[PDB]
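Right, one structure below, let's go through it.
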Amino acid sequence: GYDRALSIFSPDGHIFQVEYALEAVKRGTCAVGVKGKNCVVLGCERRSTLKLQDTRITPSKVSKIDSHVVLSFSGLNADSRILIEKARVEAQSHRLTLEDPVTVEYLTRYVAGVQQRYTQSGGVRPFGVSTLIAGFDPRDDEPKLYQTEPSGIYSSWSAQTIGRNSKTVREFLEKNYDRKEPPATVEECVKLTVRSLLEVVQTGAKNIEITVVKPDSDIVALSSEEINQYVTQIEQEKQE
Amino acid sequence: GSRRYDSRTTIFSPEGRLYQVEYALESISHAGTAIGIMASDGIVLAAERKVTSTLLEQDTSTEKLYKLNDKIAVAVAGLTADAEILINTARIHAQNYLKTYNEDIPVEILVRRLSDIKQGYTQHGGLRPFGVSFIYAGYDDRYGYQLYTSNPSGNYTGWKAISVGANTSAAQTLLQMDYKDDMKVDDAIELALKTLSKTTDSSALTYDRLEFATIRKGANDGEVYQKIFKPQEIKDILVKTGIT
Amino acid sequence: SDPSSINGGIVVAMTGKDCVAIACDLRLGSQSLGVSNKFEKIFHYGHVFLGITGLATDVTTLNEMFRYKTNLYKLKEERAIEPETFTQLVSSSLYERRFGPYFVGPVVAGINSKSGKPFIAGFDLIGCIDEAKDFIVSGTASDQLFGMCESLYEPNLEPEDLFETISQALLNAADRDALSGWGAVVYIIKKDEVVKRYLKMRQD
Amino acid sequence: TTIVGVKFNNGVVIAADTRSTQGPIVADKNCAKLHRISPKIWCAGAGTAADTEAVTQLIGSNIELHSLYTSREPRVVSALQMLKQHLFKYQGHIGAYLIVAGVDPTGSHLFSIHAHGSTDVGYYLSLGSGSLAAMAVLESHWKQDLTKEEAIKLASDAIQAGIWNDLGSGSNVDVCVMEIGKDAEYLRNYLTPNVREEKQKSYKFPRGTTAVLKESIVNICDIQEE
Amino acid sequence: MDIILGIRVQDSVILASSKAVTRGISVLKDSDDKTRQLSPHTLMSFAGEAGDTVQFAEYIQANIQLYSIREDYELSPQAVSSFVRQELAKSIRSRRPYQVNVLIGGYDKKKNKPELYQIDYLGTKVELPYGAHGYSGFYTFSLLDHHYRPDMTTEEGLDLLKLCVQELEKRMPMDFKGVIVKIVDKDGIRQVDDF
Amino acid sequence: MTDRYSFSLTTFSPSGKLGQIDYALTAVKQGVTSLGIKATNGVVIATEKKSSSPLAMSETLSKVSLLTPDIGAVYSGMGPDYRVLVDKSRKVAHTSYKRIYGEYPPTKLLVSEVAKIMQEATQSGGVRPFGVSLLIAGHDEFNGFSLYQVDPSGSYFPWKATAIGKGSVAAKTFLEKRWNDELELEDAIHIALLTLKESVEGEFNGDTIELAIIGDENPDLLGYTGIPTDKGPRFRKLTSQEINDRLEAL
């Protein structure tokens with residue numbers, strides 16, 4: 001149909017290539033962000049069911065853009081490699097010219113700008129990745145959560161999920177989290193993200209990856225034994 | 001669905017899964033088998049040749065195996081025509097990096113950059129994806145011996161052992177079944193020869209149908225020594241392993 | 001001071017029977033300030049040896065340059081770098097900056113692997129391909145060195161004789177140069193193997 | 001630098017000295033100055049040494065390209081033309097000044113080419129800084145329709161006047177005689193004034209005169225796979 | 001100003017870097033230390049002409065940072081110093097050169113080795129026991145040749161440094177207004193208690 | 001007929017094998033039967049020429065062009081693609097090896113550079129593959145006599161023996177039966193004539209048959225005698241008369 005054109009504006013008002021991007025986000029891993037008062041917890045699936053895989057050199061889904069800016073993603077791994085690279089360069093650009101450390105909010109916009117640009121320029125596909133960019137603003141200790149979409153726009157939610165079986169996760173996020181009050185403690189906040197991920201992973205120590213990002217360049221990924229500890233405690237409740 | 005659209009990379013399939021990429025899989029698999037086994041004491045690269053004519057000189061062609069630099073070698077499977085652009089760029093890029101920092105290229109770097117051109121041709125430019133898979137065999141001191149594979153799509157995944165091109169599934173079922181976790185380098189050669197004889201039409205696995213190289217950390221005083229074995233040393237070791 | 005002679009340095013090569021030698025002093029100075037007692041400038045690509053004199057930053061540049069180009073040669077053609085091809089290669093580059101030439105003196109020494117034929121060749125700033133097989137000299141104190149090499153050298157020297165001859169040539173010029181004096185290294189290069197000898201000589 | 005060109009009836013003979021200097025120091029005892037544009041088009045080069053070799057190499061290829069393209073041996077004038085334009089562009093900074101000689105199916109020629117871009121034809125020409133000396137012989141003895149034999153004497157004798165008067169002229173004289181219908185007869189070392197003479201006294205050093213502080217043996221040789 | 005010093009000791013690399021910024025005949029500032037932190041284990045001090053100083057130093061900083069983050073791997077100090085030499089080897093042939101002398105100290109964490117590279121303006125990099133740049137350096141090269149021994153502890157490295165400082169102030173008509181001395185070692189980068 | 005994907009050269013074919021590349025092979029077949037036989041001490045290449053019009057001169061139709069004086073080429077296919085490709089081979093080689101390394105290419109390197117050109121007339125969309133497949137037979141010092149095929153795809157392979165064109169089937173089997181590399185060159189020339197003689201029997205006269213050897217140097221054809229060290233031309237093209245001599249030796 002109109003899938004062969006981008007320039008052609010379409011009376012449907014909807015260019016099919018754009019629709020098809022969404023199909024692509026769905027297929028990918030589930031990646032979730034839930035934020036406290038002092039933390040972003042990012043719980044994400046990393047598949048590891050692959051036989052004869054040396055896990056050490058296989059890239060973790062989470063990639064440090066900046067020293068305090070992180071990215072998780074759902075959608076095609078190849079296409080996603082371009083966003084990570086543009087975004088890294090721009091990170092260091094920011095410091096080189098403003099001196100100021102990376103404004104996260106600029107960065108959210110910069111990234112979306114690329115998925116937008118390519119919607120207008122024929123002969124350049126719109127990317128079929130949606131991302132989570134999360135960070136902490138210069139001179140600030142309030143957590144910051146953003147999602148980008150392949151529609152070439154951006155938005156902030158109090159907590160959000162993307163990728164396979166996101167429908168299932170969204171019910172959890174409505175009932176156990178609230179915009180009004182995020183779980184004040186870091187600890188509360190991490191335990192709920194583990195329970196959400198369990199709904200679609202259905203038991204895995206390394207299939208669940210938790211990276212907690214705190215203010216002031218504090219990045220630490222939870223220990224496999226500690227992750228295992230969240231699971232067992234939760235699993236006792238399930239039969240009660 | 002019905003009307004399959006795929007003229008350009010930019011034009012999406014209804015499915016959303018670009019058919020040009022799909023056709024790329026077929027092509028890879030067209031070519032014979034290549035196999036990389038990473039061992040704790042070397043890497044072994046062993047493959048059955050594409051060519052089969054005796055008139056055509058199989059012996060002087062190591063179509064599968066080219067070295068890019070002193071530490072890094074690649075096994076190639078797919079489209080010969082397309083492939084030739086990428087092997088050449090990869091050598092120059094490696095030497096560009098050595099110019100800059102006066103250190104050997106890290107394995108991980110060299111793959112990620114090449115994968116990114118492969119994406120480049122779908123991201124922009126009608127230009128077909130250059131549908132080729134390499135198995136990279138390299139060494140760096142960041143992670144030791146490292147093995148990678150690259151998808152035509154333009155993404156990579158590490159592996160403990162992998163097979164590419166034709167009959168990937170059969171060779172894969174055997175490797176995992178008898179896998180020895182530690183892996184000795186002597187062992188890897190034996191194990192490789194067993195897998196190829198079962199997937200190779202000649203079940204006597206003639207030498208003239210074989211390409212072989214071994215990259216060894218088990219080379220004196222703890223160093224990395226790449227050695228391309230000629231058809232005459234393949235033949236001597238064929239009689240050592242006893243298939244003939 | 002033209003940029004080459006800020007850093008000077010010397011290279012002296014001779015052929016002998018089934019061998020070549022390439023030798024240099026180890027003094028690195030910039031003007032009045034000597035900077036390092038120990039500093040190398042003879043590198044090897046395969047069995048082919050290249051020492052390079054002159055402006056130090058340009059030395060480093062060209063060394064990288066040639067390392068890059070020679071890598072491709074051995075990979076594509078599927079044979080070791082020869083001295084004969086290599087002499088042309090050094091020449092080609094040098095000419096591309098006609099105007100403002102590289103401020104260097106390159107010296108090739110190596111043995112053709114196809115007949116054992118001892119080969120040396122030299123170069124100046126501007127890419128001259130000097131074919132003297134007797135001896136080749138280069139640096140600031142090139143003039144001094146030529147004068148040693150022309151009296152001492154004789155056609156046909158036994159390997160062990162050639163080692164003494166070149167060493168006295170390098171050493172006495174060194175002490176009649178300013179920008180040399182500190183230590184020495186001789187490469188005696190034979191088809192079978194390389195012996196590399198750090199000498200003991202007077203030091204300022 | 002003394003270079004001569006003499007037409008003779010059934011061809012042309014070009015000669016120039018082998019001795020090369022870089023400044024007032026003699027760089028090379030012998031190294032011929034006569035360069036091959038093609039098998040029957042030879043030239044001898046004066047000026048900046050580096051430029052003369054380089055231009056011959058670059059132009060060489062195009063001439064070779066011409067030859068094969070056309071399945072025909074290029075004209076002597078064709079080389080002349082192509083050479084002239086190249087130099088002209090840079091307004092002579094590329095400082096090759098050359099005697100262009102050759103035989104071709106058209107006939108025998110002798111031209112000079114300068115870096116500025118000026119040309120001449122001569123029956124007999126001389127180039128280098130020893131042009132003045134070589135010519136003087138030529139102009140005093142040359143007659144119309146010299147034999148090949150006679151051209152070769154007049155020529156060699158003329159180079160001798162260069163040798164003795166110009167410091168940079170010296171050692172063996174090398175000659176290339178290009179004749180109609182025949183492979184150029186390169187007469188290597190036609191003339192020899194004298195050569196290197198062994199020094200009266202020996203400068204052989206007993207071993208152990210050199211002192212050896214340390215030793216490290218390099219292995220460019222292949223470490224075992226074992 | 002015209003002085004940057006470095007001394008590579010047993011178990012560390014010690015850098016001392018001028019505080020004076022003199023822009024003509026007036027000392028506009030007497031305190032700012034002319035250094036940029038490239039890594040927690042790598043420090044670059046710098047000196048040269050007005051304008052070129054700030055652009056270059058920060059351009060280098062950015063490049064090393066970008067590298068560092070991309071692969072999550074701190075590049076060897078050996079690699080960092082090569083980086084800078086090339087950028088300069090380009091500059092000097094270009095339209096506009098960058099005339100900046102730098103001492104690159106890094107403590108290789110893994111090989112537990114201090115390493116100090118002297119890269120003078122040209123793009124002549126050498127690895128030495130000890131180095132300096134500018135005319136200033138001449139005076140002090142003697143005290144370092146004589147009193148240096150490999151076995152000098154980090155602490156003994158400070159002591160020799162004060163004696164060099166004193167000599168520099170005496171015979172230079174221009175005082176460089178004292179030095180901020182920082183230690184690049186396995187702990188990371190720390191500023192000496194006193195200076 | 002075929003797909004719009006397969007006509008395009010910027011578009012991955014369904015099969016992944018272009019229609020295009022396959023057209024180039026159909027045309028190769030349609031042309032002359034050209035062969036190459038490798039010997040210990042030589043290479044012989046030999047082919048028949050188009051008879052063309054009666055009053056068209058046969059001599060001027062040349063299916064063997066010397067690339068360098070020591071390395072010749074032979075093709076099956078169309079004239080126009082042949083000549084353009086041929087100027088490109090020489091030209092790219094001068095730049096990348098006669099000025100850099102100031103010498104003639106190894107045979108391997110020249111073969112490598114010819115593949116790359118080929119490859120680019122297949123990569124760029126809207127530019128058809130070279131209409132011609134080569135044999136590049138040659139001699140260089142380092143790797144001795146050498147024998148190659150270069151495909152319009154831009155893949156190349158060394159052989160013991162190969163033949164191309166309509167009569168490729170016939171010829172290859174004949175060479176096998178009668179010869180092996182270890183045999184001398186002199187025998188192969190007689191053999192090659194016979195092989196080509198199956199192809200056509202109406203005329204086999206040395207006018208319509210172009211036969212050449214790459215073998216030993218000819219220090220006569222160096223053309224600037226008096227210097228011996230320079231290799232003479234390896235290639236020597238054998239005249240019609242010379243062919244006729246070689247026909248009475250058969």
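To be explicit about the labels: the chains of the structure tokens are called A, B, and onward in the order shown, and within each one the residues are counted from 1, while ligands get numbers from 1 in the order they are shown.
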
Q: Extract the full set of helix (DSSP H, G or I) residues from range 27-126 of chain F according to DSSP on the backbone, and format it as number ranges by chain.
A: F: 27-30, 79-97, 107-123

May I have the residues within 10 Å of residue 171 in chain E as a compact mmCIF listing (two decimals) with N, CA and C atoms, in the first residue's frame, using only C-alpha atoms and disregarding those fewer than 4 positions away in the same chain?
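As written to disk, out_23.txt reads:
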# COMPACT_ATOMS: atom_id res chain seq x y z
N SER E 136 62.96 25.66 32.12
CA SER E 136 62.81 25.49 33.52
C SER E 136 63.41 24.16 33.92
N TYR E 139 67.36 23.18 34.68
CA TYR E 139 67.92 23.45 36.01
C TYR E 139 67.81 22.23 36.95
N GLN E 166 62.59 24.61 45.27
CA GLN E 166 63.29 25.64 45.92
C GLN E 166 64.24 26.24 44.91
N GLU E 167 64.94 25.43 44.08
CA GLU E 167 66.01 25.82 43.12
C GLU E 167 65.43 26.55 41.96
N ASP E 175 58.52 33.87 39.24
CA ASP E 175 58.14 32.81 40.18
C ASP E 175 56.86 32.27 39.61

Q | Within 8 Å of residue 133 in chain A using only C-alpha atoms, minus same-chain residues under 2 positions, as a list in words | A | residues 69, 70, 71, 72, 108, 131, 135, 145, 146, 147 and 148 of chain A

Take the residues from that selection and write them out as an mmCIF file, in the first residue's frame, keeping C-alpha atoms.
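And here's selection-v3.cif as it stands now:
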data_model
loop_
_atom_site.group_PDB
_atom_site.id
_atom_site.type_symbol
_atom_site.label_atom_id
_atom_site.label_comp_id
_atom_site.auth_asym_id
_atom_site.auth_seq_id
_atom_site.Cartn_x
_atom_site.Cartn_y
_atom_site.Cartn_z
ATOM 1 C CA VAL A 69 22.825 7.683 32.153
ATOM 2 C CA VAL A 70 21.737 4.165 31.314
ATOM 3 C CA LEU A 71 19.580 2.579 28.516
ATOM 4 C CA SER A 72 17.399 -0.570 28.291
ATOM 5 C CA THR A 108 15.800 12.191 25.595
ATOM 6 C CA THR A 131 13.918 2.566 24.755
ATOM 7 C CA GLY A 135 19.297 9.104 34.630
ATOM 8 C CA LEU A 145 12.325 8.166 33.696
ATOM 9 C CA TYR A 146 11.675 8.419 30.038
ATOM 10 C CA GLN A 147 10.499 6.325 27.211
ATOM 11 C CA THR A 148 10.820 7.031 23.530
#

(Q) I'd like the neighbourhood of residue 135 in chain E as a PyMOL selection string, where a residue qualifies if any of its atoms comes within 8 Å (using only C-alpha atoms), though same-chain residues fewer than 3 positions away should be ignored. (A) chain E and resi 2-3+138-139

Take the residues just selected and output them with C-alpha atoms as a PDB file, in the first residue's frame.
ATOM      1  CA  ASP E   2      56.862  27.420  31.421  1.00  0.00           C
ATOM      2  CA  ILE E   3      57.244  24.618  33.988  1.00  0.00           C
ATOM      3  CA  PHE E 138      67.146  22.173  32.568  1.00  0.00           C
ATOM      4  CA  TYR E 139      67.921  23.449  36.009  1.00  0.00           C
TER       5      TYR E 139
END

Write out as a Markdown table a residue-level contact list of chain B versus chain C with cut-off 10 Å: for each qualifying residue the closest pair of atoms and the distance in Å to one decimal, counting only C-alpha atoms, rows sorted by chain and residue number upward.
| residue | atom | partner | partner_atom | distance |
| --- | --- | --- | --- | --- |
| B:66 | CA | C:75 | CA | 8.7 |
| B:67 | CA | C:75 | CA | 7.4 |
| B:68 | CA | C:75 | CA | 7.7 |
| B:69 | CA | C:71 | CA | 8.1 |
| B:70 | CA | C:71 | CA | 9.5 |
| B:88 | CA | C:76 | CA | 9.5 |
| B:91 | CA | C:72 | CA | 8.0 |
| B:92 | CA | C:72 | CA | 8.0 |
| B:94 | CA | C:68 | CA | 9.7 |
| B:95 | CA | C:68 | CA | 6.0 |
| B:96 | CA | C:68 | CA | 7.8 |
| B:98 | CA | C:68 | CA | 8.3 |
| B:99 | CA | C:64 | CA | 6.2 |
| B:100 | CA | C:64 | CA | 9.2 |
| B:102 | CA | C:64 | CA | 8.7 |

**Q.** Selection near residue 196 in chain C, 9 Å with only C-alpha atoms, sequence-local residues under 6 positions removed, as an MDAnalysis selection string
**A.** (chainID C and resid 185:189) or (chainID D and resid 214:218)

Considering only C-alpha atoms, tabulate each residue of range 92-188 of chain B that lies at most 10 Å from range 47-66 of chain A along with its nearest interatomic pair and the corresponding distance in Å to one decimal; arrange the rows by chain and ascending residue number and present them as a tab-separated table.
residue	atom	partner	partner_atom	distance
B:108	CA	A:57	CA	8.0
B:142	CA	A:57	CA	9.9
B:143	CA	A:57	CA	7.6
B:146	CA	A:57	CA	7.7
B:147	CA	A:57	CA	8.7
B:148	CA	A:57	CA	8.8
B:156	CA	A:58	CA	8.2
B:157	CA	A:58	CA	5.6
B:158	CA	A:58	CA	5.0
B:159	CA	A:53	CA	4.2
B:160	CA	A:54	CA	4.8
B:161	CA	A:52	CA	5.7
B:162	CA	A:52	CA	7.5
B:172	CA	A:52	CA	9.3
B:175	CA	A:52	CA	9.0
B:176	CA	A:52	CA	7.0
B:179	CA	A:52	CA	9.0
B:181	CA	A:52	CA	9.7

Can I get the selection written as a PDB file, in the first residue's frame, with C-alpha atoms?
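Saved to part.pdb:
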ATOM      1  CA  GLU B 108      34.791  -7.170  20.485  1.00  0.00           C
ATOM      2  CA  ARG B 142      40.670  -8.303  27.997  1.00  0.00           C
ATOM      3  CA  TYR B 143      38.960 -11.697  27.923  1.00  0.00           C
ATOM      4  CA  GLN B 146      37.286 -14.750  22.107  1.00  0.00           C
ATOM      5  CA  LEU B 147      34.904 -16.149  19.526  1.00  0.00           C
ATOM      6  CA  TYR B 148      32.075 -14.279  17.883  1.00  0.00           C
ATOM      7  CA  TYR B 156      26.638 -10.514  17.200  1.00  0.00           C
ATOM      8  CA  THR B 157      26.483 -12.978  20.013  1.00  0.00           C
ATOM      9  CA  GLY B 158      29.389 -14.737  21.705  1.00  0.00           C
ATOM     10  CA  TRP B 159      29.661 -18.409  21.752  1.00  0.00           C
ATOM     11  CA  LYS B 160      31.390 -21.298  23.395  1.00  0.00           C
ATOM     12  CA  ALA B 161      31.122 -23.196  20.044  1.00  0.00           C
ATOM     13  CA  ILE B 162      29.094 -22.395  16.922  1.00  0.00           C
ATOM     14  CA  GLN B 172      25.280 -28.483  16.581  1.00  0.00           C
ATOM     15  CA  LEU B 175      29.005 -30.815  19.455  1.00  0.00           C
ATOM     16  CA  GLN B 176      26.837 -30.172  22.541  1.00  0.00           C
ATOM     17  CA  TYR B 179      31.101 -31.384  24.669  1.00  0.00           C
ATOM     18  CA  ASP B 181      33.558 -28.253  29.265  1.00  0.00           C
TER      19      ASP B 181
END

(Q) To test your reading of the structure, identify every residue in range 90-221 of chain A that backbone DSSP assigns to strand (DSSP E or B), and report it as an NGL selection string. (A) :A and (124 or 129-136 or 143-148 or 154-155 or 159-162 or 208-214 or 218-221)

(Q) Could you list, as JSON, numbers by chain, every residue within 7 Å of residue 220 in chain A, counting only C-alpha atoms and ignoring same-chain residues fewer than 6 positions away? (A) {"A": [211, 212, 213]}

Q) So which one's closest to residue 45 in chain C, C:82, C:2, C:143, C:154? Using only C-alpha atoms, please. A) C:82

Q) If you count only C-alpha atoms, which residues fall within 6 Å of range 34-44 of chain B, apart from same-chain ones fewer than 2 positions away, as a list in words? A) residues 46, 47, 161, 162, 163, 164, 183, 185, 214, 215, 216, 217 and 218 of chain B

Q) Which chain B residues are at most 6 Å from chain F (counting only C-alpha atoms), as an MDAnalysis selection string? A) chainID B and resid 20 23 27 55:57 81 127:128

Could you save the residues just selected, with N, CA, C and O atoms, as a CSV table (one decimal), in the first residue's frame?
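Output below, filename part_24.csv:
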chain,number,residue,atom,x,y,z
B,20,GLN,N,14.4,-9.2,2.4
B,20,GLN,CA,15.7,-9.3,2.0
B,20,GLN,C,16.6,-10.0,3.0
B,20,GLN,O,17.4,-10.8,2.7
B,23,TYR,N,16.1,-13.6,3.0
B,23,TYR,CA,16.7,-14.3,1.8
B,23,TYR,C,18.1,-14.6,2.2
B,23,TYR,O,18.7,-15.5,1.8
B,27,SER,N,21.0,-18.1,1.8
B,27,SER,CA,22.3,-17.9,1.1
B,27,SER,C,23.5,-18.3,1.9
B,27,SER,O,24.4,-18.9,1.5
B,55,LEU,N,40.0,-30.4,-10.6
B,55,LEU,CA,40.7,-29.6,-11.7
B,55,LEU,C,41.0,-28.2,-11.2
B,55,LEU,O,42.2,-27.8,-11.2
B,56,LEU,N,40.0,-27.6,-10.6
B,56,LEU,CA,40.1,-26.5,-9.8
B,56,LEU,C,41.0,-26.9,-8.6
B,56,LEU,O,41.0,-28.0,-8.1
B,57,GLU,N,42.0,-26.0,-8.3
B,57,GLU,CA,43.0,-26.3,-7.3
B,57,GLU,C,42.4,-25.8,-6.0
B,57,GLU,O,42.4,-24.6,-5.7
B,81,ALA,N,30.8,-13.0,-3.4
B,81,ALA,CA,30.9,-11.8,-4.2
B,81,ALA,C,31.0,-10.6,-3.3
B,81,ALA,O,31.8,-9.7,-3.4
B,127,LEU,N,20.6,-0.1,-0.9
B,127,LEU,CA,21.7,-1.0,-1.1
B,127,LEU,C,21.3,-2.3,-0.2
B,127,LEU,O,20.9,-2.2,1.0
B,128,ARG,N,21.3,-3.5,-0.8
B,128,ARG,CA,21.0,-4.7,-0.3
B,128,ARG,C,21.8,-4.9,1.0
B,128,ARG,O,22.9,-4.3,1.0

Q) When you draw a straight line from CA of residue 60 in chain E to CA of residue 187 in chain E, how long is it in Å? A)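 Those two atoms sit 23.4 Å apart.
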
Residues of chain A within 7 Å of chain B, counting only C-alpha atoms, as an mmCIF file with C-alpha atoms, in the first residue's frame:
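After the write, iface36.cif holds the following:
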data_model
loop_
_atom_site.group_PDB
_atom_site.id
_atom_site.type_symbol
_atom_site.label_atom_id
_atom_site.label_comp_id
_atom_site.auth_asym_id
_atom_site.auth_seq_id
_atom_site.Cartn_x
_atom_site.Cartn_y
_atom_site.Cartn_z
ATOM 1 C CA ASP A 3 4.270 1.133 2.924
ATOM 2 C CA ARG A 4 6.405 1.979 -0.040
ATOM 3 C CA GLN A 17 6.033 1.525 8.143
ATOM 4 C CA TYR A 20 5.242 -2.005 11.575
ATOM 5 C CA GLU A 23 5.313 -5.105 15.765
ATOM 6 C CA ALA A 24 9.065 -5.049 16.114
ATOM 7 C CA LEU A 52 27.042 -23.347 24.080
ATOM 8 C CA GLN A 53 27.055 -19.628 24.785
ATOM 9 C CA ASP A 54 29.950 -18.017 26.631
ATOM 10 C CA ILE A 57 31.584 -11.722 26.294
ATOM 11 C CA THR A 58 27.774 -11.681 25.277
ATOM 12 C CA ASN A 77 19.248 -5.720 18.556
ATOM 13 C CA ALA A 78 20.993 -4.541 15.272
ATOM 14 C CA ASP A 79 18.800 -1.383 14.854
ATOM 15 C CA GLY A 123 15.071 6.177 1.945
ATOM 16 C CA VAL A 124 15.708 5.976 5.672
ATOM 17 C CA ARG A 125 13.631 3.510 7.727
#

Q | Between CA of residue 111 in chain F and CA of residue 31 in chain F, distance in Å (one decimal) | A |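 Taking CA of residue 111 in chain F as the start and CA of residue 31 in chain F as the end point, the length is 22.1 Å.
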
Q: Counting only C-alpha atoms, figure out which residue out of E:79, E:174, E:13, E:144 gets nearest to chain B.
A: E:79
